[PDB]
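Listing of data17.txt, compact mmCIF, N, CA and C atoms
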# COMPACT_ATOMS: atom_id res chain seq x y z
N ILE U 813 64.42 90.59 78.77
CA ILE U 813 65.87 90.74 78.62
C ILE U 813 66.62 89.59 79.27
N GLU U 814 66.09 89.06 80.38
CA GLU U 814 66.64 87.87 81.01
C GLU U 814 66.59 86.64 80.11
N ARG U 815 65.56 86.53 79.26
CA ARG U 815 65.36 85.28 78.54
C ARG U 815 66.31 85.13 77.35
N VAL U 816 66.65 86.23 76.69
CA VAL U 816 67.49 86.16 75.49
C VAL U 816 68.97 86.27 75.86
N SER U 817 69.27 86.29 77.15
CA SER U 817 70.63 86.40 77.64
C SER U 817 70.84 85.31 78.69
N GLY U 818 71.93 85.42 79.45
CA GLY U 818 72.42 84.32 80.26
C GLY U 818 71.74 84.05 81.60
N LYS U 819 70.49 84.50 81.76
CA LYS U 819 69.60 84.20 82.88
C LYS U 819 70.14 84.57 84.27
N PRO U 820 70.24 85.85 84.64
CA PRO U 820 70.46 86.16 86.05
C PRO U 820 69.19 85.94 86.85
N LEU U 821 69.35 85.66 88.15
CA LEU U 821 68.23 85.22 88.99
C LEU U 821 67.44 86.41 89.55
N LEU U 822 66.92 87.22 88.62
CA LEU U 822 66.03 88.36 88.89
C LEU U 822 66.67 89.39 89.82
N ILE U 823 67.92 89.74 89.51
CA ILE U 823 68.64 90.81 90.19
C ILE U 823 68.68 92.01 89.25
N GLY U 824 68.13 93.14 89.70
CA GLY U 824 68.06 94.33 88.88
C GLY U 824 69.30 95.21 88.96
N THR U 825 70.20 95.03 88.00
CA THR U 825 71.44 95.79 87.89
C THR U 825 71.78 95.79 86.40
N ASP U 826 72.51 96.82 85.95
CA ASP U 826 73.22 96.98 84.66
C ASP U 826 72.43 96.45 83.45
N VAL U 827 71.29 97.11 83.21
CA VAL U 827 70.23 96.59 82.36
C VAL U 827 70.58 96.58 80.87
N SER U 828 71.72 97.16 80.48
CA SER U 828 72.20 97.01 79.11
C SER U 828 72.61 95.56 78.86
N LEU U 829 72.52 95.14 77.60
CA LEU U 829 72.73 93.72 77.31
C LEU U 829 74.20 93.40 77.08
N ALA U 830 74.98 94.35 76.54
CA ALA U 830 76.43 94.16 76.48
C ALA U 830 77.04 94.14 77.87
N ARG U 831 76.45 94.89 78.80
CA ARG U 831 76.84 94.83 80.20
C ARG U 831 76.14 93.71 80.95
N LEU U 832 75.51 92.76 80.26
CA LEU U 832 74.89 91.64 80.95
C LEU U 832 75.69 90.36 80.74
N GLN U 833 76.36 90.23 79.60
CA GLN U 833 77.25 89.10 79.40
C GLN U 833 78.69 89.41 79.81
N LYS U 834 78.99 90.66 80.16
CA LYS U 834 80.16 90.91 80.99
C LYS U 834 79.96 90.32 82.38
N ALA U 835 78.75 90.47 82.92
CA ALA U 835 78.44 89.92 84.24
C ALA U 835 78.29 88.41 84.23
N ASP U 836 78.25 87.79 83.05
CA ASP U 836 78.27 86.33 82.99
C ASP U 836 79.67 85.80 83.24
N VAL U 837 80.69 86.55 82.83
CA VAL U 837 82.06 86.06 82.91
C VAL U 837 82.70 86.45 84.24
N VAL U 838 82.52 87.70 84.67
CA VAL U 838 83.17 88.19 85.88
C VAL U 838 82.62 87.48 87.12
N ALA U 839 81.34 87.11 87.09
CA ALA U 839 80.75 86.38 88.21
C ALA U 839 81.21 84.93 88.25
N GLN U 840 81.08 84.19 87.15
CA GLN U 840 81.36 82.76 87.15
C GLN U 840 82.83 82.43 86.92
N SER U 841 83.73 83.39 87.06
CA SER U 841 85.15 83.08 86.96
C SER U 841 85.61 82.34 88.21
N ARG U 842 86.76 81.68 88.09
CA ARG U 842 87.30 80.87 89.18
C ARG U 842 88.53 81.59 89.73
N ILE U 843 88.29 82.46 90.70
CA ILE U 843 89.35 83.24 91.33
C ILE U 843 90.05 82.37 92.37
N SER U 844 91.38 82.29 92.27
CA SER U 844 92.20 81.65 93.29
C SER U 844 93.40 82.54 93.57
N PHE U 845 93.99 82.36 94.74
CA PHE U 845 95.01 83.29 95.22
C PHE U 845 95.98 82.53 96.11
N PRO U 846 97.25 82.93 96.15
CA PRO U 846 98.18 82.35 97.12
C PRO U 846 97.92 82.89 98.52
N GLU U 847 98.16 82.03 99.51
CA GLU U 847 97.94 82.42 100.90
C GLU U 847 99.01 83.36 101.42
N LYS U 848 100.17 83.42 100.75
CA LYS U 848 101.32 84.13 101.30
C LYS U 848 101.12 85.64 101.26
N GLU U 849 100.43 86.14 100.23
CA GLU U 849 100.16 87.57 100.12
C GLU U 849 99.23 88.06 101.21
N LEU U 850 98.38 87.18 101.75
CA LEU U 850 97.43 87.53 102.79
C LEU U 850 98.04 87.49 104.18
N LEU U 851 99.01 86.60 104.41
CA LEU U 851 99.61 86.49 105.73
C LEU U 851 100.50 87.67 106.06
N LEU U 852 101.05 88.34 105.04
CA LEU U 852 101.78 89.58 105.29
C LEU U 852 100.82 90.73 105.55
N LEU U 853 99.61 90.67 105.00
CA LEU U 853 98.61 91.69 105.29
C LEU U 853 98.10 91.59 106.72
N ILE U 854 98.11 90.39 107.29
CA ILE U 854 97.74 90.22 108.69
C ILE U 854 98.78 90.87 109.60
N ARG U 855 100.06 90.63 109.32
CA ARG U 855 101.12 91.14 110.19
C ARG U 855 101.30 92.64 110.04
N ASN U 856 101.06 93.18 108.84
CA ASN U 856 101.14 94.62 108.63
C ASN U 856 99.97 95.36 109.29
N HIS U 857 98.90 94.65 109.66
CA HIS U 857 97.78 95.28 110.35
C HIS U 857 97.99 95.26 111.87
N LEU U 858 98.65 94.23 112.39
CA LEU U 858 98.82 94.10 113.83
C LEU U 858 99.82 95.11 114.39
N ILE U 859 100.91 95.36 113.66
CA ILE U 859 101.92 96.30 114.13
C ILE U 859 101.38 97.73 114.13
N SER U 860 100.53 98.06 113.16
CA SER U 860 100.01 99.42 113.05
C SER U 860 98.96 99.71 114.12
N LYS U 861 98.15 98.72 114.46
CA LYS U 861 97.09 98.92 115.46
C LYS U 861 97.53 98.56 116.87
N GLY U 862 98.68 99.09 117.29
CA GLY U 862 99.08 99.07 118.69
C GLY U 862 99.54 97.76 119.29
N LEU U 863 99.10 96.62 118.76
CA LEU U 863 99.41 95.32 119.36
C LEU U 863 100.34 94.56 118.42
N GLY U 864 101.63 94.83 118.55
CA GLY U 864 102.62 94.25 117.67
C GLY U 864 103.53 93.24 118.34
N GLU U 865 103.09 92.68 119.47
CA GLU U 865 103.90 91.73 120.22
C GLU U 865 103.71 90.29 119.76
N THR U 866 103.02 90.06 118.65
CA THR U 866 102.98 88.75 118.01
C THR U 866 103.50 88.76 116.59
N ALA U 867 104.12 89.86 116.15
CA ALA U 867 104.80 89.87 114.86
C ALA U 867 106.03 88.98 114.88
N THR U 868 106.75 88.97 116.00
CA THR U 868 107.86 88.05 116.18
C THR U 868 107.39 86.62 116.40
N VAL U 869 106.18 86.44 116.94
CA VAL U 869 105.59 85.11 117.08
C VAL U 869 105.26 84.50 115.72
N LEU U 870 104.97 85.32 114.71
CA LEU U 870 104.58 84.81 113.41
C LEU U 870 105.80 84.36 112.59
N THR U 871 107.00 84.41 113.16
CA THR U 871 108.17 83.81 112.54
C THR U 871 108.05 82.29 112.47
N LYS U 872 107.33 81.69 113.42
CA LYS U 872 107.29 80.23 113.52
C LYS U 872 106.36 79.60 112.49
N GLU U 873 105.13 80.11 112.36
CA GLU U 873 104.14 79.52 111.46
C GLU U 873 104.53 79.62 109.99
N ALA U 874 105.09 80.75 109.57
CA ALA U 874 105.48 80.92 108.18
C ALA U 874 106.65 81.89 108.13
N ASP U 875 107.09 82.19 106.91
CA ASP U 875 108.26 83.04 106.73
C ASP U 875 107.98 84.48 107.14
N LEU U 876 109.05 85.20 107.45
CA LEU U 876 108.96 86.62 107.80
C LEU U 876 109.88 87.37 106.86
N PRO U 877 109.38 87.83 105.70
CA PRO U 877 110.27 88.55 104.77
C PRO U 877 110.63 89.95 105.23
N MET U 878 109.67 90.69 105.77
CA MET U 878 109.91 92.04 106.26
C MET U 878 109.80 92.04 107.78
N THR U 879 110.50 92.96 108.43
CA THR U 879 110.54 93.01 109.89
C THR U 879 109.25 93.58 110.47
N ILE C 813 78.02 116.22 80.69
CA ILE C 813 77.34 115.60 81.82
C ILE C 813 78.11 115.80 83.12
N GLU C 814 79.44 115.82 83.04
CA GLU C 814 80.28 116.14 84.19
C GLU C 814 80.03 117.55 84.72
N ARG C 815 79.72 118.50 83.84
CA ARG C 815 79.70 119.90 84.27
C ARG C 815 78.43 120.25 85.05
N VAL C 816 77.30 119.64 84.71
CA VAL C 816 76.03 119.98 85.35
C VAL C 816 75.79 119.10 86.57
N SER C 817 76.77 118.28 86.92
CA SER C 817 76.67 117.37 88.06
C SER C 817 77.93 117.54 88.90
N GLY C 818 78.15 116.60 89.82
CA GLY C 818 79.13 116.79 90.88
C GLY C 818 80.59 116.56 90.57
N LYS C 819 80.97 116.65 89.29
CA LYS C 819 82.35 116.65 88.79
C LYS C 819 83.18 115.43 89.17
N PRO C 820 82.94 114.24 88.61
CA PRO C 820 83.92 113.16 88.75
C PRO C 820 85.13 113.43 87.86
N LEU C 821 86.28 112.89 88.25
CA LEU C 821 87.56 113.23 87.61
C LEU C 821 87.81 112.38 86.36
N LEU C 822 86.87 112.47 85.41
CA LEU C 822 86.93 111.86 84.08
C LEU C 822 87.07 110.34 84.16
N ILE C 823 86.24 109.73 85.00
CA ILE C 823 86.12 108.28 85.10
C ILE C 823 84.82 107.87 84.42
N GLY C 824 84.93 107.02 83.40
CA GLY C 824 83.76 106.60 82.64
C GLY C 824 83.05 105.40 83.22
N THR C 825 82.00 105.66 83.99
CA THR C 825 81.17 104.65 84.63
C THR C 825 79.80 105.30 84.79
N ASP C 826 78.74 104.47 84.83
CA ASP C 826 77.34 104.75 85.23
C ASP C 826 76.81 106.10 84.74
N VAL C 827 76.73 106.21 83.41
CA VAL C 827 76.59 107.49 82.72
C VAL C 827 75.21 108.13 82.90
N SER C 828 74.26 107.44 83.51
CA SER C 828 73.00 108.08 83.88
C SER C 828 73.24 109.11 84.98
N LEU C 829 72.38 110.13 85.02
CA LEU C 829 72.65 111.25 85.92
C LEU C 829 72.08 111.01 87.31
N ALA C 830 70.97 110.27 87.42
CA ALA C 830 70.50 109.85 88.74
C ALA C 830 71.47 108.87 89.38
N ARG C 831 72.15 108.06 88.57
CA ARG C 831 73.22 107.21 89.04
C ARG C 831 74.56 107.93 89.12
N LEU C 832 74.58 109.26 89.03
CA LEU C 832 75.84 109.97 89.16
C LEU C 832 75.91 110.70 90.49
N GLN C 833 74.77 111.13 91.03
CA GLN C 833 74.76 111.71 92.36
C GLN C 833 74.50 110.67 93.45
N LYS C 834 74.17 109.43 93.07
CA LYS C 834 74.37 108.32 93.99
C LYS C 834 75.85 108.11 94.25
N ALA C 835 76.66 108.22 93.20
CA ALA C 835 78.10 108.05 93.34
C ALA C 835 78.77 109.24 94.01
N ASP C 836 78.05 110.34 94.21
CA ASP C 836 78.59 111.45 94.99
C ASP C 836 78.54 111.13 96.48
N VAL C 837 77.53 110.37 96.90
CA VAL C 837 77.33 110.12 98.32
C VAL C 837 78.07 108.87 98.78
N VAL C 838 77.99 107.79 98.00
CA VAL C 838 78.59 106.51 98.39
C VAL C 838 80.11 106.61 98.40
N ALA C 839 80.68 107.43 97.51
CA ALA C 839 82.12 107.62 97.50
C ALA C 839 82.60 108.48 98.66
N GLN C 840 82.02 109.66 98.85
CA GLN C 840 82.51 110.61 99.84
C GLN C 840 81.95 110.38 101.24
N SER C 841 81.36 109.22 101.50
CA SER C 841 80.92 108.92 102.86
C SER C 841 82.12 108.62 103.74
N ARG C 842 81.90 108.69 105.05
CA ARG C 842 82.96 108.49 106.03
C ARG C 842 82.71 107.16 106.73
N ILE C 843 83.25 106.10 106.15
CA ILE C 843 83.10 104.75 106.69
C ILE C 843 84.10 104.56 107.83
N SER C 844 83.59 104.12 108.98
CA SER C 844 84.43 103.72 110.10
C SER C 844 83.89 102.42 110.66
N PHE C 845 84.75 101.69 111.36
CA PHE C 845 84.42 100.33 111.77
C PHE C 845 85.16 100.01 113.06
N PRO C 846 84.59 99.17 113.92
CA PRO C 846 85.33 98.70 115.10
C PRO C 846 86.38 97.67 114.71
N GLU C 847 87.48 97.69 115.45
CA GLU C 847 88.57 96.76 115.18
C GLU C 847 88.26 95.34 115.64
N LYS C 848 87.27 95.17 116.52
CA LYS C 848 87.04 93.88 117.16
C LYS C 848 86.46 92.86 116.19
N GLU C 849 85.61 93.32 115.26
CA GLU C 849 85.02 92.43 114.26
C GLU C 849 86.06 91.87 113.31
N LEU C 850 87.17 92.59 113.10
CA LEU C 850 88.24 92.17 112.21
C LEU C 850 89.22 91.21 112.86
N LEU C 851 89.44 91.35 114.17
CA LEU C 851 90.40 90.49 114.84
C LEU C 851 89.88 89.07 115.00
N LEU C 852 88.56 88.89 115.02
CA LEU C 852 88.01 87.54 115.00
C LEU C 852 88.08 86.94 113.61
N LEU C 853 88.05 87.77 112.57
CA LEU C 853 88.23 87.28 111.21
C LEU C 853 89.65 86.80 110.95
N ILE C 854 90.62 87.39 111.64
CA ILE C 854 92.00 86.93 111.54
C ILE C 854 92.14 85.54 112.15
N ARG C 855 91.56 85.34 113.34
CA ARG C 855 91.72 84.06 114.04
C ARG C 855 90.92 82.95 113.37
N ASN C 856 89.77 83.29 112.79
CA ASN C 856 88.97 82.29 112.07
C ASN C 856 89.62 81.88 110.76
N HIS C 857 90.59 82.65 110.26
CA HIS C 857 91.30 82.28 109.04
C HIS C 857 92.52 81.40 109.35
N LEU C 858 93.16 81.62 110.50
CA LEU C 858 94.37 80.88 110.83
C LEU C 858 94.08 79.43 111.19
N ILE C 859 92.99 79.17 111.91
CA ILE C 859 92.65 77.81 112.31
C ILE C 859 92.25 76.98 111.09
N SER C 860 91.58 77.60 110.12
CA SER C 860 91.10 76.86 108.95
C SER C 860 92.25 76.51 108.01
N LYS C 861 93.23 77.40 107.87
CA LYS C 861 94.35 77.16 106.95
C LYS C 861 95.54 76.50 107.64
N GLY C 862 95.28 75.40 108.36
CA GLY C 862 96.33 74.52 108.83
C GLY C 862 97.23 74.98 109.97
N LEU C 863 97.40 76.29 110.15
CA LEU C 863 98.33 76.81 111.15
C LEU C 863 97.53 77.49 112.26
N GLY C 864 97.09 76.68 113.22
CA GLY C 864 96.24 77.18 114.29
C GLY C 864 96.92 77.19 115.64
N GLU C 865 98.25 77.19 115.67
CA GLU C 865 98.99 77.16 116.92
C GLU C 865 99.27 78.56 117.48
N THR C 866 98.66 79.60 116.92
CA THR C 866 98.68 80.92 117.53
C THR C 866 97.29 81.46 117.85
N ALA C 867 96.25 80.62 117.75
CA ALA C 867 94.93 81.01 118.20
C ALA C 867 94.89 81.15 119.72
N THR C 868 95.59 80.27 120.42
CA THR C 868 95.74 80.40 121.87
C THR C 868 96.68 81.54 122.24
N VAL C 869 97.63 81.88 121.37
CA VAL C 869 98.50 83.04 121.58
C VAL C 869 97.72 84.35 121.51
N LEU C 870 96.62 84.39 120.74
CA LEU C 870 95.86 85.62 120.58
C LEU C 870 94.94 85.89 121.77
N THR C 871 94.99 85.05 122.81
CA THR C 871 94.31 85.34 124.07
C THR C 871 94.92 86.56 124.76
N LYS C 872 96.22 86.80 124.55
CA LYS C 872 96.91 87.84 125.30
C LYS C 872 96.62 89.24 124.76
N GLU C 873 96.73 89.43 123.44
CA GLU C 873 96.55 90.76 122.84
C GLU C 873 95.13 91.30 123.00
N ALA C 874 94.12 90.46 122.83
CA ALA C 874 92.74 90.90 122.95
C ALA C 874 91.90 89.73 123.42
N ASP C 875 90.60 89.97 123.53
CA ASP C 875 89.69 88.95 124.06
C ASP C 875 89.54 87.78 123.09
N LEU C 876 89.14 86.64 123.64
CA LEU C 876 88.88 85.44 122.85
C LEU C 876 87.46 85.01 123.14
N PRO C 877 86.47 85.48 122.38
CA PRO C 877 85.08 85.08 122.67
C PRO C 877 84.77 83.65 122.27
N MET C 878 85.25 83.20 121.11
CA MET C 878 85.02 81.84 120.64
C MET C 878 86.34 81.09 120.68
N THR C 879 86.27 79.77 120.84
CA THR C 879 87.47 78.95 120.97
C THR C 879 88.17 78.75 119.63
Structure rendered as structure tokens:
Amino acid sequence: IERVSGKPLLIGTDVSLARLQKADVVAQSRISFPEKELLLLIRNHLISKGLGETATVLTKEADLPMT
Amino acid sequence: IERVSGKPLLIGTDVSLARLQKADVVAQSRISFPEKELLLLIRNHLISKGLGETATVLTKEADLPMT
């Protein structure tokens, strides 16, 4: 099944063949993302876990849309 | 197949039945994690993405094992 399809490196998963060339595209895609969506996730984690005395410090490095 | 097994809420995935009670355990498990492994992942991301002038600021909130 590996030979007549897109050659996975002997990983045993999703042995159907229509589900094997789905795994050709989803794996080799080029995912990129903006950094701004992640920096708000950092600040939303610090305030919730007790140590929120650097949320005001993060005004300097980048923007602060929410308080 | 839903009725003789652990009743997923009509989500069409992994239609084999041995692969259906694997999904009973992996989903309903109680995953917990220490916060310390995540706070080093925050600091290792800030230094790499150009804005590393709060890595020394993170000495105050928690420990700084690596520079």
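Across the structure, CA of residue 815 in chain U and CA of residue 836 in chain U are spaced 13.7 Å apart.
Between chain C and the candidates U:818, U:846, U:864, U:824, the tightest atom-to-atom separation, counting all atoms listed in the file, involves U:864.
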Show me, as a PDB file with N, CA and C atoms, in the coordinates of the input, the residues of chain C whose atoms get within 12 Å of chain U, using only C-alpha atoms for the distance check.
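For reference, iface-v3.pdb as written:
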ATOM      1  N   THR C 825      82.000 105.660  83.990  1.00  0.00           N
ATOM      2  CA  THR C 825      81.170 104.650  84.630  1.00  0.00           C
ATOM      3  C   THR C 825      79.800 105.300  84.790  1.00  0.00           C
ATOM      4  N   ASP C 826      78.740 104.470  84.830  1.00  0.00           N
ATOM      5  CA  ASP C 826      77.340 104.750  85.230  1.00  0.00           C
ATOM      6  C   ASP C 826      76.810 106.100  84.740  1.00  0.00           C
ATOM      7  N   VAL C 827      76.730 106.210  83.410  1.00  0.00           N
ATOM      8  CA  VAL C 827      76.590 107.490  82.720  1.00  0.00           C
ATOM      9  C   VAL C 827      75.210 108.130  82.900  1.00  0.00           C
ATOM     10  N   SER C 828      74.260 107.440  83.510  1.00  0.00           N
ATOM     11  CA  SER C 828      73.000 108.080  83.880  1.00  0.00           C
ATOM     12  C   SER C 828      73.240 109.110  84.980  1.00  0.00           C
ATOM     13  N   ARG C 831      72.150 108.060  88.570  1.00  0.00           N
ATOM     14  CA  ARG C 831      73.220 107.210  89.040  1.00  0.00           C
ATOM     15  C   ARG C 831      74.560 107.930  89.120  1.00  0.00           C
ATOM     16  N   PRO C 846      84.590  99.170 113.920  1.00  0.00           N
ATOM     17  CA  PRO C 846      85.330  98.700 115.100  1.00  0.00           C
ATOM     18  C   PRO C 846      86.380  97.670 114.710  1.00  0.00           C
ATOM     19  N   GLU C 847      87.480  97.690 115.450  1.00  0.00           N
ATOM     20  CA  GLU C 847      88.570  96.760 115.180  1.00  0.00           C
ATOM     21  C   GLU C 847      88.260  95.340 115.640  1.00  0.00           C
ATOM     22  N   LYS C 848      87.270  95.170 116.520  1.00  0.00           N
ATOM     23  CA  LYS C 848      87.040  93.880 117.160  1.00  0.00           C
ATOM     24  C   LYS C 848      86.460  92.860 116.190  1.00  0.00           C
ATOM     25  N   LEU C 850      87.170  92.590 113.100  1.00  0.00           N
ATOM     26  CA  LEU C 850      88.240  92.170 112.210  1.00  0.00           C
ATOM     27  C   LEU C 850      89.220  91.210 112.860  1.00  0.00           C
ATOM     28  N   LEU C 851      89.440  91.350 114.170  1.00  0.00           N
ATOM     29  CA  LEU C 851      90.400  90.490 114.840  1.00  0.00           C
ATOM     30  C   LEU C 851      89.880  89.070 115.000  1.00  0.00           C
ATOM     31  N   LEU C 852      88.560  88.890 115.020  1.00  0.00           N
ATOM     32  CA  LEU C 852      88.010  87.540 115.000  1.00  0.00           C
ATOM     33  C   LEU C 852      88.080  86.940 113.610  1.00  0.00           C
ATOM     34  N   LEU C 853      88.050  87.770 112.570  1.00  0.00           N
ATOM     35  CA  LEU C 853      88.230  87.280 111.210  1.00  0.00           C
ATOM     36  C   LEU C 853      89.650  86.800 110.950  1.00  0.00           C
ATOM     37  N   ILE C 854      90.620  87.390 111.640  1.00  0.00           N
ATOM     38  CA  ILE C 854      92.000  86.930 111.540  1.00  0.00           C
ATOM     39  C   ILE C 854      92.140  85.540 112.150  1.00  0.00           C
ATOM     40  N   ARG C 855      91.560  85.340 113.340  1.00  0.00           N
ATOM     41  CA  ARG C 855      91.720  84.060 114.040  1.00  0.00           C
ATOM     42  C   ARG C 855      90.920  82.950 113.370  1.00  0.00           C
ATOM     43  N   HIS C 857      90.590  82.650 110.260  1.00  0.00           N
ATOM     44  CA  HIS C 857      91.300  82.280 109.040  1.00  0.00           C
ATOM     45  C   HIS C 857      92.520  81.400 109.350  1.00  0.00           C
ATOM     46  N   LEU C 858      93.160  81.620 110.500  1.00  0.00           N
ATOM     47  CA  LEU C 858      94.370  80.880 110.830  1.00  0.00           C
ATOM     48  C   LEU C 858      94.080  79.430 111.190  1.00  0.00           C
ATOM     49  N   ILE C 859      92.990  79.170 111.910  1.00  0.00           N
ATOM     50  CA  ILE C 859      92.650  77.810 112.310  1.00  0.00           C
ATOM     51  C   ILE C 859      92.250  76.980 111.090  1.00  0.00           C
ATOM     52  N   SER C 860      91.580  77.600 110.120  1.00  0.00           N
ATOM     53  CA  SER C 860      91.100  76.860 108.950  1.00  0.00           C
ATOM     54  C   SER C 860      92.250  76.510 108.010  1.00  0.00           C
ATOM     55  N   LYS C 861      93.230  77.400 107.870  1.00  0.00           N
ATOM     56  CA  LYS C 861      94.350  77.160 106.950  1.00  0.00           C
ATOM     57  C   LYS C 861      95.540  76.500 107.640  1.00  0.00           C
ATOM     58  N   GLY C 862      95.280  75.400 108.360  1.00  0.00           N
ATOM     59  CA  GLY C 862      96.330  74.520 108.830  1.00  0.00           C
ATOM     60  C   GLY C 862      97.230  74.980 109.970  1.00  0.00           C
ATOM     61  N   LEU C 863      97.400  76.290 110.150  1.00  0.00           N
ATOM     62  CA  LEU C 863      98.330  76.810 111.150  1.00  0.00           C
ATOM     63  C   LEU C 863      97.530  77.490 112.260  1.00  0.00           C
ATOM     64  N   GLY C 864      97.090  76.680 113.220  1.00  0.00           N
ATOM     65  CA  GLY C 864      96.240  77.180 114.290  1.00  0.00           C
ATOM     66  C   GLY C 864      96.920  77.190 115.640  1.00  0.00           C
ATOM     67  N   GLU C 865      98.250  77.190 115.670  1.00  0.00           N
ATOM     68  CA  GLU C 865      98.990  77.160 116.920  1.00  0.00           C
ATOM     69  C   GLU C 865      99.270  78.560 117.480  1.00  0.00           C
ATOM     70  N   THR C 866      98.660  79.600 116.920  1.00  0.00           N
ATOM     71  CA  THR C 866      98.680  80.920 117.530  1.00  0.00           C
ATOM     72  C   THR C 866      97.290  81.460 117.850  1.00  0.00           C
ATOM     73  N   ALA C 867      96.250  80.620 117.750  1.00  0.00           N
ATOM     74  CA  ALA C 867      94.930  81.010 118.200  1.00  0.00           C
ATOM     75  C   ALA C 867      94.890  81.150 119.720  1.00  0.00           C
ATOM     76  N   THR C 868      95.590  80.270 120.420  1.00  0.00           N
ATOM     77  CA  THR C 868      95.740  80.400 121.870  1.00  0.00           C
ATOM     78  C   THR C 868      96.680  81.540 122.240  1.00  0.00           C
ATOM     79  N   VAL C 869      97.630  81.880 121.370  1.00  0.00           N
ATOM     80  CA  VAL C 869      98.500  83.040 121.580  1.00  0.00           C
ATOM     81  C   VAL C 869      97.720  84.350 121.510  1.00  0.00           C
ATOM     82  N   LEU C 870      96.620  84.390 120.740  1.00  0.00           N
ATOM     83  CA  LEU C 870      95.860  85.620 120.580  1.00  0.00           C
ATOM     84  C   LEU C 870      94.940  85.890 121.770  1.00  0.00           C
ATOM     85  N   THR C 871      94.990  85.050 122.810  1.00  0.00           N
ATOM     86  CA  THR C 871      94.310  85.340 124.070  1.00  0.00           C
ATOM     87  C   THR C 871      94.920  86.560 124.760  1.00  0.00           C
ATOM     88  N   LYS C 872      96.220  86.800 124.550  1.00  0.00           N
ATOM     89  CA  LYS C 872      96.910  87.840 125.300  1.00  0.00           C
ATOM     90  C   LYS C 872      96.620  89.240 124.760  1.00  0.00           C
ATOM     91  N   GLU C 873      96.730  89.430 123.440  1.00  0.00           N
ATOM     92  CA  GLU C 873      96.550  90.760 122.840  1.00  0.00           C
ATOM     93  C   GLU C 873      95.130  91.300 123.000  1.00  0.00           C
ATOM     94  N   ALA C 874      94.120  90.460 122.830  1.00  0.00           N
ATOM     95  CA  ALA C 874      92.740  90.900 122.950  1.00  0.00           C
ATOM     96  C   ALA C 874      91.900  89.730 123.420  1.00  0.00           C
TER      97      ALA C 874
END
Just list the residues in chain U DSSP gives alpha helix (DSSP H) on the backbone, as a PyMOL selection string. chain U and resi 834-839+848-860+870-873
In Å, with one decimal, what is the gap from atom C of residue 832 in chain C to atom N of residue 820 in chain C?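 Those two atoms sit 8.1 Å apart.
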Calculate, to one decimal in Å, the centre and edge lengths of the box along x, y and z of the file that holds all listed atoms of range 863-874 of chain U with 6 Å of margin on each side, and present them as AutoDock Vina command-line options.
--center_x 103.6 --center_y 88.1 --center_z 114.2 --size_x 21.1 --size_y 29.1 --size_z 24.1
What does the distance from CA of residue 819 in chain U to atom N of residue 839 in chain U come to in Å, to one decimal? 12.8 Å
